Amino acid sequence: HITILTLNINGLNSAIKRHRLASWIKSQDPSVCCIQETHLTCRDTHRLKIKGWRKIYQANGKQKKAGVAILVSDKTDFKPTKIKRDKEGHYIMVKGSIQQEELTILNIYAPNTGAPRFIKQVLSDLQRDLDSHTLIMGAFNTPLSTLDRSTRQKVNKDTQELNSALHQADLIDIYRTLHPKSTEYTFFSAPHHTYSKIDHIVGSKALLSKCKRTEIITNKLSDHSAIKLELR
């Protein structure tokens, strides 16, 4: 087994913060790490350098906003076959073979204003590469179930609009499926003293066979928590 990690880092333009991210990731030791909200521009990708993770695939915009990265451990032979990247910086997709078992990874950062519905259209734009071995991860900035929110408000209609799009592509929320009754959160809103789980691991139903654990990890690096997934 292989480990997948998701973290909304909330800005990486500080050099001290890049150092702390480097040390945290070596601490966690994932096989693949997905970072959202790096805030690195198109010409600033080489500032992001972790030792032990030399394959670092990025999609960036032109402003110190958005930005996604997929980091691949040096301890796994990951031989990539396709790389599609938005040049606004909101998603990157990587297909390859970790431990020679095929896999697709889509790393998405949805803007909070109109989030679930940017995600629906992103799935439709990358339709033709979506498989039976996908993981979708990142800052969805939307809850998917009423359990993803401390106010427990009923779900947006357009989240039911995405849940259909996930279910018609045979994808499930991996975290919810392994903990259908669990309330643990990835974001605390200090202005409202609310909690929410707006960051997600979504995956092919077919790979649910292969998933052992999914953890929510506290950290001193960002105002979001991280999601860890050990596969098999």
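Start at 1 with the first residue shown and count on from there.
- Of the two segments, 85-93 and 113-121, the one listed with the higher mean B-factor is 113-121 (C-alpha atoms only).
- When 203-211 is weighed against 56-64, 203-211 comes out higher, by mean CA B-factor as recorded in the entry.
- In the PDB entry, the Cα temperature factor peaks, among 167, 46, 26, 197, at 167.
- Residue set 139, 71, 155, 106: peak C-alpha B-factor at 155 (per PDB entry).
- Among the modelled residues of the chain, residue 36 sits in the lowest third by CA temperature factor in this PDB entry.
- Residue 2: CA B factor in the highest third of modelled residues in this chain (values from the PDB entry).
- Residue 229 sits in the middle third of its chain by CA B factor, as recorded in the PDB entry.
- In the deposited entry, the Cα temperature factor of residue 51 places it in the lowest third of its chain's modelled residues.
- In this PDB entry, residue 189 carries a Cα temperature factor that places it within the middle third of its chain's modelled residues.
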